[PDB]
């Protein structure tokens, strides 16, 4: 129902929230980020639709920002739904090589640029992309903002029910959650795809939910 929402978290970090009815999960609430580096804007996940992605880009363009790049945390539509529209506007889209091949295999449009690195800087000292290992999906990534100490966990952070298990790796998820906890204990805020933002303990809650879900 409602249009995409944009909310400031702090200087240069915004949450974008979009809503989509998806067969037999009802209306899904999806959070992404927009990160500002000087007058450049980066989309951390696309909203569900071309429409919401256009509203999001136009909001930052009208406020003087250039959209320099988007990164999709994984291949599902709540992270990649905007890619086709961004490509048509020549806004650089990024995904892991694995994510792009999963999109291809699913008959979806791919990000224009891909990368294979476990840890890499999308923007040096500002936006780090990290693969903790499989969980929600084989390809799931997190995004770390070193200056704000904010972690975007995407659909991997699941403090209250794991959600769509269709493409999940329950065997790996607890191991991947421990790897994430070990790397980003210093997160002062964890933003997830579908849960309220919270403290570093959301990584421990995710570890617990992963184990619980694995134990059938």
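Here, rigid core means the biggest group of C-alpha atoms that superpose within 1.5 Å across both forms. Numbering follows the first chain given and starts at 1.
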Greater root mean square CA deviation, 23-31 compared with 65-73 in 5 other deposited structures of this protein, core aligned: 23-31
81-89 or 132-140, whichever carries the higher mean Cα B-factor: 132-140
Mean C-alpha B-factor comparison - 182-190 and 58-66, higher one: 182-190
Residue of maximum C-alpha B factor among 110, 73, 106, 119, per deposited coordinates: 119
Residue 165, C-alpha B-factor rank within chain (lowest, middle or highest third): highest
Chain-wide C-alpha B factor ranking for residue 151, given as lowest, middle or highest third: lowest
Residue 159 - Cα temperature factor, lowest/middle/highest third of chain: highest
Among modelled residues of the same chain, the CA temperature factor third for residue 33: middle
Third assignment of residue 174 from its chain's C-alpha B-factors: highest
